[PDB]
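We count ligands from 1, going down the list as the structure has it; atoms in each ligand are counted the same way. Below, all heavy atoms of this structure are taken into account, side chains as well, without hydrogens, waters or symmetry copies. Numbers here are sequence positions counted from 1.
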Amino acid sequence: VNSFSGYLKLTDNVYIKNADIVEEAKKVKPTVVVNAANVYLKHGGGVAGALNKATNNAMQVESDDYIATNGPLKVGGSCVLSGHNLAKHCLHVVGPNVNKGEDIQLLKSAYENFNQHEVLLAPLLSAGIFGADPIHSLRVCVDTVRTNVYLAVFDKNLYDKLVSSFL
Ligand SMILES: Nc1nc2ccc(Cl)cc2s1
């Protein structure tokens, strides 16, 4: 049993809810929250800007030190950093950004990072301002992640479309 409430069960391991991931993280304090990161860990907008704002910019300060030491992530890659006031850990995952011309085949590689964690609170990778089709992102998630993933979908309209169209 875990603390996640109000989710619709899609599969054995994937759950979905219309929720603000920031407000969900603040309520649950999950072991892992996933950030929709870019390779520079520049948390300007979308999910990353919202998560970082909720940490009072402490996520960005930590991230800048990580990049200064290690250099940029790979598209499809990840790193584990602090979850600050939102979670124990933040798994920063880089899905491909369609609005930069990145290979959508890298979305499966991105979701494979989730398999290193038994339970996660996450957004749909490459959705929103990363430009991918969220229906596609949900299909790749279900077909790739084997650990228990609780997806927070920001748009009520999109949430209802993802559920209604789910095979
Ligand atoms: N407080 C939140 N801000 C955002 C911004 C973009 C997306 Cl895709 C989800 C969320 S939840």
Under 4.0 Å, counting heavy atoms only: does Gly128 come that close to any atom of ligand 1?
no
Please write down residue, atom name and distance for the protein heavy atom closest to atom 1 (N) of ligand 1.
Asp20 OD1, 2.7 Å
Ring pair (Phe, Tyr, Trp, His ring centres under 6.0 Å), paired with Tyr15, selected from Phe166, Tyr7, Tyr150
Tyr150
Determine, step by step, whether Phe4 and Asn148 satisfy the side-chain contact (heavy atoms from CB on, under 4.5 Å) criterion, reporting the C-alpha distance in whole Å, the side-chain angles of both residues, the deciding distance to 0.1 Å, and the verdict.
CA-CA 11 Å; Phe4 289 106; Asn148 293 324; over 6 Å; no
Is there a side-chain contact between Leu107 and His136 in this structure, where contact means two heavy atoms from C-beta onward sitting under 4.5 Å apart?
yes
To which protein heavy atom is atom 10 (C) of ligand 1 closest, and what is the distance rounded to 0.1 Å?
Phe154 CD1, 3.5 Å
Residue-level breakdown please: for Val47 versus ligand 1, do any non-hydrogen atoms fall below 4.0 Å on the side chain, on the backbone, on both, or on neither?
both
Closest protein heavy atom to atom 3 (N) of ligand 1, given as residue, atom name and distance to 0.1 Å:
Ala50 CB, 3.1 Å
Between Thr144 (side chain only) and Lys108 (backbone N and O only), is there a donor and an acceptor less than 3.5 Å apart?
no
State whether the side chain of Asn113 and the backbone N or O of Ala110 hold a donor-acceptor pair below 3.5 Å, judged by distance alone.
yes
Numbering as shown, the atoms of ligand 1 that approach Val22 to under 4.0 Å (heavy-atom distance):
1 (N)
Between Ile16 and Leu162, is any pair of side-chain heavy atoms under 4.5 Å apart?
yes
Where ligand 1 meets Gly46 - atom numbers and elements under 4.0 angstrom, heavy-atom basis:
5 (C), 6 (C)
